[PDB]
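Below are the chains, spelled out letter by letter.
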Amino acid sequence: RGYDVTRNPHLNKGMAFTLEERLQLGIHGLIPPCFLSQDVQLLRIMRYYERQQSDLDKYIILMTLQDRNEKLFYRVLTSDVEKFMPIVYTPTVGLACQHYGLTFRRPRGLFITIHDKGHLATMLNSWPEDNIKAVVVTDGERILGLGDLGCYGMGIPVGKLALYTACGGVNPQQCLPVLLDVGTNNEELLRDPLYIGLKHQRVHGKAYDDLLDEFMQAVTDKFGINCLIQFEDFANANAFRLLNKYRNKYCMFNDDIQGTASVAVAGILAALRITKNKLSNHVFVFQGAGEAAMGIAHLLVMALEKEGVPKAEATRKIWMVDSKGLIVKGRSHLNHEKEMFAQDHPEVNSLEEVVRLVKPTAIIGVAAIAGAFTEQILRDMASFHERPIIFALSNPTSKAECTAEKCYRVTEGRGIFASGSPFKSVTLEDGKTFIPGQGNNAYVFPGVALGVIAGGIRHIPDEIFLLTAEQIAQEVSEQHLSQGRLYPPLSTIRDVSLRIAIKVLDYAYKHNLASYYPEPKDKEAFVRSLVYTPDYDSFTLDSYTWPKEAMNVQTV
Amino acid sequence: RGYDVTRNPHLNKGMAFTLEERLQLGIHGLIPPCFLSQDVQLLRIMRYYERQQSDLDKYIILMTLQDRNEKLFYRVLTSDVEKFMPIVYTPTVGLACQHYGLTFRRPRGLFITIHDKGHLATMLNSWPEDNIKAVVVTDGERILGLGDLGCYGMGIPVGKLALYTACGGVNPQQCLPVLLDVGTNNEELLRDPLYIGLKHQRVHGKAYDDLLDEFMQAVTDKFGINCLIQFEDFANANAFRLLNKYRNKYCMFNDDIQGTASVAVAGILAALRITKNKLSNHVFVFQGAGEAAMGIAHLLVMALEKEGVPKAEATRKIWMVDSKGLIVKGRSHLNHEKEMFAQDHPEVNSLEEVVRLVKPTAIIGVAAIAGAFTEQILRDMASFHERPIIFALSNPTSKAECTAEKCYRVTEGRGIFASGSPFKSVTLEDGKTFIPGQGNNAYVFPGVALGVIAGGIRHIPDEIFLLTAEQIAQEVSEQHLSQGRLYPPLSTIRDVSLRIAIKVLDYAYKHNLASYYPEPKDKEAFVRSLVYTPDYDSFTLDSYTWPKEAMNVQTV
Amino acid sequence: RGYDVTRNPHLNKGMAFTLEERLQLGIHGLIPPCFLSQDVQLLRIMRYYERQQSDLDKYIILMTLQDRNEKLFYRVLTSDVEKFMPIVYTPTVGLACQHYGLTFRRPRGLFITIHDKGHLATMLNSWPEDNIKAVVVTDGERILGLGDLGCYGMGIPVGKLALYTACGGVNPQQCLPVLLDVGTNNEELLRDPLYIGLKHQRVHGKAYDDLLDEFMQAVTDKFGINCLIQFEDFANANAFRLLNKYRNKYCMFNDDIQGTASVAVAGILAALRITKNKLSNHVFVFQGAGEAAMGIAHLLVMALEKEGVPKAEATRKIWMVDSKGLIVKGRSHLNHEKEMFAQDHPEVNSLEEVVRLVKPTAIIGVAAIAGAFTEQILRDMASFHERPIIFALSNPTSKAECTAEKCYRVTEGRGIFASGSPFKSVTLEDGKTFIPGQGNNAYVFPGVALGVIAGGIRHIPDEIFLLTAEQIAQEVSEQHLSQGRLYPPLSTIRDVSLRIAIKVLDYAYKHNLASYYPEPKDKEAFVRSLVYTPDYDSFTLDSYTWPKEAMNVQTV
Ligand SMILES: NC(=O)c1ccc[n+]([C@@H]2O[C@H](COP(=O)([O-])OP(=O)(O)OC[C@H]3O[C@@H](n4cnc5c(N)ncnc54)[C@H](OP(=O)(O)O)[C@@H]3O)[C@@H](O)[C@H]2O)c1
Ligand SMILES: NC(=O)c1ccc[n+]([C@@H]2O[C@H](COP(=O)([O-])OP(=O)(O)OC[C@H]3O[C@@H](n4cnc5c(N)ncnc54)[C@H](OP(=O)(O)O)[C@@H]3O)[C@@H](O)[C@H]2O)c1
Ligand SMILES: NC(=O)c1ccc[n+]([C@@H]2O[C@H](COP(=O)([O-])OP(=O)(O)OC[C@H]3O[C@@H](n4cnc5c(N)ncnc54)[C@H](OP(=O)(O)O)[C@@H]3O)[C@@H](O)[C@H]2O)c1
């Protein structure tokens with residue numbers, strides 16, 4: 001291999017190459033003469049990492065470490081995943097993508113543009129690894145609420161793929177981050193000279209659709225029909241349209257639509273363990289008719305049907321509010337997606353009145369509208385139903401409809417709170433401590449992706465996401481439930497991911513969805529054999545010896 | 001690529017590289033300055049080929065051409081497959097393996113020994129290609145009736161794999177010929193200084209079984225559970241034992257046992273189109289209780305059961321003779337394999353008396369006993385039943401129980417003759433011309449392997465071989481049947497193979513055997529897209545161009 | 001390295017790779033499981049080699065062996081160089097080039113055409129090895145008296161380069177055979193469909209000259225000014241013109257012009273040890289005014305001047321005959337090259353009269369005119385001077401002006417005979433046995449090239465060829481001289497080459513011609529360290545170990 005094995009981040013072990021490995025690889029002298037363990041390398045990386053002030057500097061450190069030594073990169077991540085998930089992925093990856101071209105030093109991933117239509121097979125051949133299982137493609141049109149970042153959005157798939165491996169166990173060498181650059185509508189990037197992008201307006205219409213059709217066709221031609229393809233950060237229209245288009249053709253799933261739904265429903269089912277009742281006797285108010293809200297409502301209707309509730313009566317438990325009030329009889333703008341959860345009721349001005357009108361047991365806020373949950377709302381909630389459920393899922397801590405402390409005070413410490421952004425612990429009256437859980441999509445897609453890749457699941461129906469939500473809800477301990485924590489601690493997410501994979505494996509084998517033929521009897525060991533570990537592999541050559549009568553050199 | 005693309009027989013096009021391809025590959029100057037077509041290269045190879053006298057020289061020419069330019073090699077083969085099948089495979093490959101080490105110049109295939117137990121994964125990693133679909137492993141213990149040739153037997157898988165691609169359409173780059181060298185019992189090779197082998201007696205018992213277990217495990221670990229593994233030229237005991245062992249664990253099949261059966265039953269079903277009756281009203285006498293005879297009898301019993309005949313009454317139509325006479329009540333040596341077709345009858349001395357005793361409609365000779373079919377036998381055959389069936393399947397033309405002319409004379413030109421060795425046309429009384437067909441295993445395994453590889457069929461049950469026999473029997477034209485030709489002409493075998501593949505594909509999709517998930521609606525086009533053609537691929541790089549406003553170099 | 005180290009003839013050891021080497025190279029399994037010595041491989045090659053009938057088959061065997069295992073190829077050659085020099089080089093290489101495209105299977109060397117002018121640097125980059133010392137370029141215009149063979153002539157440089165390594169010690173990996181294809185005038189090849197060539201008439205004039213200028217410029221740009229460039233088998237006009245053009249610009253030499261001269265003068269100086277006199281008292285008659293004759297005459301004039309003879313009186317000892325008679329006062333066609341050795345004498349009809357007119361002590365026949373040396377001539381020679389010298393140097397044994405037996409009879413066993421073609425021993429009257437030596441160019445260019453490459457000699461003046469002739473003449477033993485053997489036996493040529501190299505090294509260091517700076521004190525050991533040996537190198541990796549306190553893995 002030689003000098004090339006040190007420029008390969010999947011093979012490069014740095015100073016952890018033993019002397020024997022350096023001699024056998026032809027890289028002796030290229031490494032300093034110290035032989036470290038991954039622990040000492042981790043200590044060096046940590047000492048250099050803590051010496052930064054801004055989170056962008058830490059992100060840059062981690063990304064350079066990923067380009068240098070991937071096993072050490074994932075050792076850093078899995079070292080304390082709860083502290084490195086905010087850096088490698090949201091929210092830090094957002095400000096990273098905002099200033100991508102500024103700090104952009106090494107290109108990561110695969111950039112496929114609209115002007116490449118017809119030649120995507122070759123561009124996929126540009127990628128070094130040819131055994132690819134997962135593909136996180138992104139469009140750049142709607143990133144982390146920052147909006148259209150265009151080709152700057154490459155940090156989002158890359159970052160997300162880290163969570164595939166750090167959180168789940170997906171072998172990072174089988175993961176390919178793609179960015180489909182169809183232009184950008186961000187005028188700030190159309191004039192930015194540092195914009196590493198395409199610098200014209202978005203190509204939309206049939207050209208964009210043909211580009212994505214060919215992308216799916218080419219990805220599955222080169223890597224197989226079992227290649228899991230996750231769509232990430234597409235526009236609402238495009239997100240749902242392409243989800244319904246390639247839902248049943250490829251192993252495609254969209255985590256903004258389905259991972260959000262799965263984690264929200266997991267939180268709701270976990271709160272059911274606190275309320276001590278059935279999902280049937282809950283009525284849900286949504287504070288948005290959005291991409292996340294529709295997904296959460298659809299998976300919630302599915303969870304209600306699974307409990308033995310007809311489709312119409314289950315839908316009649318979901319009330320939504322979209323910038324105008326409750327979605328009602330042909331009100332002013334309801335497209336066919338809001339028509340489904342439309343209630344047959346007089347029109348309501350705002351959320352704060354429809355909470356009183358239809359007293360809900362569980363309110364869910366997905367609008368990125370800060371302060372939408374008033375003191376009035378939470379007070380009347382705790383008055384109507386004992387132990388109400390509040391889900392301020394808005395991603396930016398600023399945009400949260402309600403904070404932990406506000407909800408816990410106004411509900412007199414009697415409301416199950418959960419959020420999308422981390423609110424730390426809350427102490428109140430009479431020493432009631434609450435640890436408001438953080439509904440993180442990382443609870444869903446790592447284990448789901450691990451199970452799909454393990455079993456070669458051909459398609460991801462909504463039932464997989466529902467049983468994933470059920471498994472996540474079962475992951476929470478009784479002790480944690482006593483503290484209002486609706487989700488398992490992220491320090492265990494790896495195990496959680498495993499326990500999801502096995503489960504989504506069983507389902508796929510009982511519904512004839514898996515393609516891995518010799519169906520493993522012990523699916524846990526099967527999935528564990530595929531969980532990528534940051535531990536270093538040995539690069540030494542096995543030198544065995546034949547008996548010294550079959551290996552003798554003939555001198556006749 | 002450079003100089004390395006001319007030492008790769010799969011990529012090397014010789015002087016057929018265009019000037020543009022040579023400039024783009026970095027090999028300009030390494031090729032003489034003439035630009036040929038594959039036709040002119042074929043003419044050169046043919047002019048050099050016809051200038052040899054012994055068939056071993058032609059075999060050496062073809063094998064060197066395979067090591068040089070594989071697409072030209074298969075162009076030579078598919079140019080006239082009926083004249084190059086005897087050279088690349090039996091019978092010429094037999095005398096080639098007999099004098100292998102003598103003319104041995106370039107090692108072909110993969111040599112895995114008994115002393116490599118535990119390290120077969122690395123030896124499989126030695127093979128350049130990593131996308132392997134077919135694996136023809138051989139043992140060397142029983143080659144072409146020449147007996148134990150040991151490691152000299154590597155010509156048999158290699159040669160056979162050529163028929164996978166020349167006869168069928170299997171991409172030769174996905175084929176791996178293996179030789180399991182466990183030693184040899186041929187004392188002639190234990191002292192031959194030119195023996196490229198292991199030079200001790202055969203390792204047998206549990207060591208050999210563990211070696212083969214690990215071989216199957218390692219082949220399917222590296223290349224997948226869908227890797228078709230054909231066992232070839234094993235000892236009778238080992239052949240049947242390993243066939244029944246890995247029958248349902250891997251995509252294994254043994255062509256000496258199952259391809260022989262399939263082609264013999266195909267001949268019988270084709271002769272049914274001449275006799276104009278059903279298989280039920282036929283009684284079969286076998287002239288051997290052997291590896292081929294048992295297989296033919298089992299597939300024939302299956303074909304009878306398919307026509308609506310119980311298992312016992314179907315078995316009661318098969319009479320066998322093994323060196324002692326008819327297999328009867330506990331006669332002297334009947335192991336459990338001959339017990340199945342044992343008839344409850346008084347013991348018979350020889351075949352020539354049991355033909356008179358049980359007058360058969362169809363006699364099959366598989367004993368390599370020359371002249372076993374006497375004038376007496378064929379005469380009384382043509383007397384008992386009008387239009388009898390004679391199958392002198394013994395492989396060496398010398399060992400044939402009966403010749404074409406003898407059978408056609410004694411049966412007064414009224415007997416369907418078929419043989420395993422080529423007997424050319426026969427003219428007789430009253431201008432009756434007969435073209436005695438040659439039952440060749442190449443009718444079976446190329447199309448079966450093509451369909452298995454196309455559909456990723458997990459296992460090969462006997463029903464695939466039976467429907468293959470049926471398809472082969474349907475391949476024969478009415479005109480050819482008027483001439484006593486029981487098998488389709490080999491000049492069409494490629495198409496025949498295709499028509500088998502599609503068929504063995506349909507079956508595999510209606511019995512949930514195929515693993516290729518997006519089941520093709522048009523299976524013919526699907527299989528045709530995988531049929532390897534000798535035509536040269538273009539090595540030029542596709543150079544497209546973005547619109548001249550997205551590809552402009554920024555000079556700010 | 002893997003599978004690629006077995007397709008590289010310089011690295012491929014065949015079955016001589018030990019088990020450890022196969023495991024360390026990643027080629028275990030690709031080789032049969034026998035471990036041979038180069039002796040056993042030599043035995044296999046010899047057993048397969050002796051089973052051919054025509055010399056062309058043996059040439060093809062050796063050339064395939066060269067393409068497979070180069071160290072075994074040169075082991076075969078140096079095994080008995082006297083029996084493989086006729087096969088790899090003249091005369092067999094001539095009939096090989098005549099039927100090149102017929103048996104052409106693997107392209108060898110570098111084909112540079114006239115239509116490549118401007119891009120020869122890239123074509124030189126096509127060659128795998130980048131450390132090239134020797135370059136035998138050929139034109140194809142005059143090959144071995146067969147005439148214009150065009151691009152078929154590639155066997156001549158390749159073959160000749162074998163003699164660089166088998167006879168001398170030149171590392172074959174540093175040798176590059178080139179063919180400059182400027183077309184061909186052979187109408188037989190312009191219509192031959194198997195002609196691997198350019199198929200138009202020769203490009204001549206300034207285009208050809210610019211092509212060769214750029215060839216020299218590009219070869220020395222890529223490989224250095226020290227790259228020895230031997231011109232071989234050019235047309236007489238082109239041969240001499242380009243020799244005088246690039247004589248002092250590059251390390252160029254032409255062996256048809258200068259190697260012929262060196263070996264002929266070596267024979268003459270050796271015969272001086274039999275005549276027991278000085279070169280000054282010899283008068284020489286040449287039977288040709290040709291490319292070889294002019295060179296021999298010029299080097300002979302130089303040898304006479306070295307003995308203390310003025311230029312004019314030395315030239316006045318050379319008499320030549322060219323198809324018209326003695327070259328005399330402005331006779332009919334004398335170009336400026338024949339003007340030099342023109343004698344001021346009445347015109348003579350034929351050679352047989354000018355031998356009587358000017359009675360010579362030494363006659364040299366270079367005209368390819370069979371029988372030019374009559375019984376009359378040799379008789380009057382032995383009558384005029386006691387112990388005369390006859391040099392029937394014509395290359396084809398058919399074209400020899402005189403045979404060994406004829407000369408030895410007519411001279412009553414008193415004439416030093418030497419020829420260019422092998423005449424075996426001669427017994428005569430009174431048991432006088434003579435071993436007529438064969439003046440072979442292989443006595444000259446291997447050792448000269450070895451010394452030039454060793455010392456990096458910048459230019460090859462005629463003095464190097466003269467001292468080479470002197471060393472060759474000193475190589476002959478007194479015992480061999482008693483038998484009329486003028487040249488050392490070829491079984492010692494390797495040592496001879498060494499003894500020439502060292503000598504041509506000393507000269508180059510005492511005339512400031514060598515470029516190897518740290519001038520070796522022991523030049524013999526220096527040249528021996530560069531003599532390529534067919535012995536196999538070890539491919540194992542050296543695995544040393546640091547003290548077990550500097551190599552311990554830090555776990556802090
Ligand atoms: N796991 C997680 O924690 C997670 C995951 C994903 C998203 N989220 C959060 O959830 C939110 C979902 O947004 P999205 O991008 O999926 O959907 P979106 O496309 O942003 O749609 C937002 C919806 O909210 C409605 N809305 C806007 N202003 C409102 C107001 N003042 N009162 C009531 N409703 C209002 C809008 O209705 P109109 O149709 O009238 O505009 C719109 O349909 C995001 O802001 C994100 O922060 C959390
Ligand atoms: N496609 C084809 O055309 C094709 C394919 C494969 C094979 N073949 C031919 O068919 C033959 C099958 O041989 P195999 O290797 O498969 O089986 P095998 O192991 O050679 O067994 C041969 C059987 O014939 C019996 N036998 C021996 N001598 C006999 C005699 N004088 N009279 C009657 N029976 C006798 C033996 O019975 P015991 O048990 O008493 O020894 C033995 O069981 C081969 O010789 C081959 O030439 C043709
Ligand atoms: N080491 C060796 O043993 C060695 C090496 C090289 C060559 N040779 C032999 O030496 C010969 C040299 O030929 P070359 O190619 O170097 O020169 P060339 O170009 O073949 O010239 C041959 C010369 O011989 C003259 N000639 C032709 N016919 C004649 C006749 N009937 N009587 C007298 N002279 C005649 C011609 O003179 P015009 O000018 O009047 O035509 C011509 O100049 C070759 O044939 C070759 O066989 C031997």
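Residues numbered from 1 in each chain as written, not as in the entry; some residues may be left out. Chains lettered and ligands numbered in written order. Part of a larger assembly, values for the part shown. Heavy atoms only, no water.

- This entry lists cryo-EM as its structure determination method and reports a resolution of 2.77 Å.

## Comments concerning the relation of the copies chain A and chain C
Here's step 1: For the pair chain A and chain C, the best superposition has an RMSD of 0.0 Å and corresponds to a rotation of 180° with a translation of 0.0 Å parallel to the axis. Both chain copies can therefore be described as sitting about a two-fold axis.
Here's step 2: A shared binding surface is used by both copies, with 100% of the interface residues of chain A retained as interface residues in chain C. (Least-squares fit on C-alpha atoms. Contact = heavy atoms within 4.5 Å.)

## Details of the site of ligand 2
All names here are of chain B.
Here's step 1: Among the 26 residues in the neighbourhood of ligand 2, the closest are listed as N236, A289, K338, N395 and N441.
Here's step 2: At a separation of 2.8 Å, a nitrogen atom of ligand 2 approaches a polar side-chain atom of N441.
Here's step 3: Protein burial of ligand 2: of its 940 Å² of free accessible surface, 75% is covered by the chains.
Here's step 4: Going through the elements one at a time, α13 (258–275) and α14 (291–306) are the ones with two or more residues in the shell around ligand 2.
Here's step 5: Its residues assigned to classes, the shell around ligand 2 shows 10 nonpolar, 11 polar and five charged. (Near = heavy atom within 4 Å. Polar contact = N/O pair within 3.5 Å; in protein donor to acceptor, adjacent residues only side chain to side chain. Areas by Shrake-Rupley, 256 points an atom, 1.4 Å probe, with all protein chains shown as cover. Helix = DSSP H or I, 4+ residues; strand = E, 2+ residues; numbered from the N terminus. Nonpolar A, V, L, I, M, F, W, Y, C, P; charged D, E, K, R; others polar.)

## Here we look at the pairing of strand β9 (residues 389–392) of chain C
All names here are of chain C.
Here's step 1: Burial along β9 is two-sided: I389 and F391 facing one way and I390 and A392 facing the other are all buried.
Here's step 2: Bridge count between strand β8 (residues 362–365) and β9: four bridges; the pairing is parallel. Note on β9: the bridge partner recorded for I363 is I390.
Here's step 3: With respect to chirality, the unit in which β8 leads through helix α18 (residues 375–384) into the neighbouring parallel β9 is right-handed.
Here's step 4: Judged from the four bridges that link them, β9 and strand β10 (residues 416–419) form a sheet pairing that is parallel. Following the sheet pairing, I389 is matched in β10 by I416.
Here's step 5: Once you follow β9 into helix α19 (residues 404–410) and on to β10, the crossover reads as right-handed. (Buried < 20%, exposed > 50% of the residue type's maximum accessible area, 1.4 Å probe, protein only. Pairing = 2+ DSSP bridges. Right-handed = clockwise from strand over helix to strand, strands pointing away.)

## Side note on the packing of aromatic side chains
Residues and elements named next belong to chain A.
Here's step 1: As enumerated under the stated definition, the model contains 53 aromatic pairs over all chains in all.
Here's step 2: With 5.2 Å between their ring centres and 65° between their planes, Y49 and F84 make a pair best called edge-to-face. Pair noted here: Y49 is in helix α2 (residues 38–49) and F84 is in helix α5 (residues 81–88), with a separation of 35 residues, a long-range link.
Here's step 3: Arranged with centres 6.0 Å apart and planes meeting at 70°, the rings of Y408 and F417 form a pair that is edge-to-face.
Here's step 4: Residue class for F417 comes out buried when judged on its relative accessible area of 0%.
Here's step 5: Site record: aromatic cluster; members linked through ring pairs are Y100, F104, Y152 and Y195.
Here's step 6: It is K83 that lies over the ring of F84; its NZ or CZ is 4.0 Å from the centre.
Here's step 7: Geometry around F384 places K359 over its ring, the cationic atom sitting 5.5 Å from the centre. (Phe/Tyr/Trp six-rings, centres within 6.5 Å; stacked < 30°, edge-to-face > 60°. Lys NZ or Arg CZ within 6 Å of the ring centre and 35° of its normal.)

## Looking at the UniProt feature "active site" in chain A
Residue and element names in this part refer to chain A.
Here's step 1: When the UniProt feature table is mapped onto this chain numbering, "active site" sits at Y89 and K160. In summary, the annotated positions, though distributed over 72 residues, converge in three dimensions, the widest C-alpha pair being only 6.3 Å.
Here's step 2: Following the sequence through the fold, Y89 ends up in the loop between α5 and α6 (92–98).
Here's step 3: For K160, the position within the fold is in helix α9 (residues 155–166). (UniProt positions renumbered as here; feature names shortened; annotations may be inferred.)

## Things to note about the interface of chain C and chain B
Here's step 1: Chain C puts 47 residues into the contact, and the matching count from chain B is 47 residues.
Here's step 2: Taking both sides of the interface into account, the surface hidden between chain C and chain B amounts to around 4,200 Å²; carbon and sulfur atoms contribute 60%.
Here's step 3: Here chain C and chain B share zero salt bridges between them.
Here's step 4: Counting across the chain C and chain B interface gives 17 residue pairs in polar contact.
Here's step 5: Elements that contribute at least two residues to the side of chain C that touches chain B include exactly α2 (38–49), α3 (55–68), α7 (100–103), β1 (110–113) and α8 (120–126) of chain C. (Buried area = accessible area lost by both parts, 1.4 Å probe. Salt bridge = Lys/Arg side-chain N within 4 Å of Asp/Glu carboxyl O.)

## Focus on the site of ligand 1
Residues and elements named next belong to chain A.
Here's step 1: The immediate surroundings of ligand 1 are formed by 26 residues, with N236, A289, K338, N395 and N441 found nearest.
Here's step 2: In this structure, an oxygen atom belonging to ligand 1 sits 2.8 Å away from a main-chain N or O atom of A292.
Here's step 3: Backbone polar atom of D322 to an oxygen atom of ligand 1: 3.0 Å apart, as the coordinates give it.
Here's step 4: In the complex, 74% of the free accessible area of ligand 1, which totals 930 Å², lies under the protein chains.
Here's step 5: When residues of the shell around ligand 1 are traced back to their parent elements, those giving at least two are α13 (258–275) and α14 (291–306).
Here's step 6: Looking at the shell around ligand 1 residue by residue, the classes come out as 10 nonpolar, 11 polar and five charged.

## A closer look at the sheet that holds strand β1 (residues 110–113) of chain A
Residue and element names in this part refer to chain A.
Here's step 1: Within the open sheet, the five strands sit side by side as β1-β3-β2-β4-β5. Their pairing is parallel. Strands at the two margins of the open sheet, each flanked by one partner only, are β1 and β5 (252–254). The mean angle between the axes of side-by-side strands here comes to 25°, regardless of whether they run parallel or antiparallel.
Here's step 2: Here β1 pairs with strand β3 (residues 175–181) via four bridges, running parallel. Counted as the bridge partner of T113 is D181 from β3.
Here's step 3: In the packing of helix α11 (residues 206–223) onto the sheet, the strands contacted are β1, β2 (134–138), β3, β4 (228–232) and β5, and the crossing angle to β4 comes to about 150°.
Here's step 4: The strands that helix α12 (residues 236–245) touches are β4 and β5; relative to β5, the one it contacts most, it runs at about 155°. (Axes fitted to C-alpha atoms, helices over the stretch in contact; angles between N-to-C directions.)

## Quick notes on the side chain of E232(A)
All names here are of chain A.
Here's step 1: If you trace the backbone, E232 turns up in strand β4.
Here's step 2: No salt bridge forms around the buried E232; measuring N to O, its nearest opposite-charge neighbour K160 is 4.1 Å away.
Here's step 3: Among residues more than four places away in sequence, those in contact with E232 are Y89, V136, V137, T138, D139, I156, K160, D255 and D256. (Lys, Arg positive; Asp, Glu negative; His and termini not counted.)

## With respect to the pairing of β8(C)
Residues and elements named next belong to chain C.
Here's step 1: Residues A362 and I364 point to one face of β8 and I363 and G365 to the other, with burial holding for every one of them.
Here's step 2: Bridging between strand β6 (residues 284–286) and β8 involves three bridges; their strand directions are parallel. Residue pairing across strands places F286 opposite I364, the latter belonging to β8.

## Topic: the nonpolar core
When a protein is soluble and globular, its nonpolar side chains tend to lie buried together.
Here's step 1: Within the largest apolar cluster, 367 residues are counted, with the highest numbers of intra-cluster contacts made by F215(B) and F215(C).
Here's step 2: Non-local contacts of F215(B), meaning those with residues more than four positions away in its chain, are made with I112(B), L120(B), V135(B), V137(B), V178(B), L180(B) and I229(B).
Here's step 3: Grouped together as the second largest cluster of nonpolar side chains are 129 residues, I87(A), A293(A), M302(A) and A508(A) included. (Core = buried A, V, L, I, M, F, W, Y, C linked by side-chain atoms within 4.5 Å.)

## Describing the sheet that holds strand β6 (residues 284–286) of chain A
Here's step 1: In spatial order, the strands read β7-β6-β8-β9-β10-β13 (chain A); together these six strands make up an open sheet with parallel pairing. Across the chains shown, the open sheet's two edge strands, defined by having one partner strand only, are β7 (318–320) and β13 (437–438) of chain A.

## Focus on the interface of chain A and chain C
Here's step 1: Listed by partner, the interface residues are 24 residues for chain A and 24 residues for chain C.
Here's step 2: For the pairing of chain A and chain C, the buried interface totals around 2,100 Å² over both sides, and the portion due to carbon and sulfur atoms is 67%.
Here's step 3: Scanning the region where chain A abuts chain C turns up six residue pairs in polar contact.
Here's step 4: Those elements that place two or more of their residues in the side of chain A that touches chain C are α1 (19–25) and α2 of chain A.
Here's step 5: Top contributing element to the side of chain A that touches chain C by residue count: α1(A), with three residues.
Here's step 6: Grouping the amino acids of the side of chain A that touches chain C by side-chain chemistry returns 15 nonpolar, eight polar and one charged.

## Topic: α9(A)
Because each turn of an α-helix spans 3.6 residues, side chains separated by three or four positions in sequence point in the same direction.
Here's step 1: Its 12 residues place the ends of α9(A) 16 Å apart at the C-alpha level, agreeing with the 16 Å of an ideal helix rising 1.5 Å per residue.
Here's step 2: Those residues of α9(A) not exposed but buried are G155(A), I156(A), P157(A), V158(A), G159(A), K160(A), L161(A), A162(A), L163(A), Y164(A), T165(A) and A166(A). (Expected span 1.5 Å × (residues − 1).)

## What to know about the packing of α2(A) against helix α3 (residues 55–68) of chain A
Residues and elements named next belong to chain A.
Here's step 1: Between α2 and α3, the least distance of the axes is 10 Å, while the angle of their chain directions is 150°. Relative to α3, the element α2 is oriented roughly antiparallel. Between α2 and α3 the crossing geometry is right-handed. Between α2, through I45, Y48 and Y49, and α3, the contact on the second element is made entirely by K58, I61, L62, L65 and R68. (Parallel < 35°, antiparallel > 145°, perpendicular 65-115°, else oblique. Left-handed = near helix turned anticlockwise from the far one by under 90°.)

## Thoughts on the state of the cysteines
Here's step 1: In this structure the tally under the stated criterion is zero disulfides over all chains.
Here's step 2: Between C251(B), a free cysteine, and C227(B), which holds the nearest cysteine sulfur, the sulfur-to-sulfur gap is 8.2 Å.
Here's step 3: The thiol of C97(C) is unpaired, and the distance to the nearest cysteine sulfur, on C151(C), comes to 10 Å.
Here's step 4: In this structure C97(C) comes out as buried when scored by relative accessible area, which is 0%. (Disulfide = S-S within 2.5 Å.)

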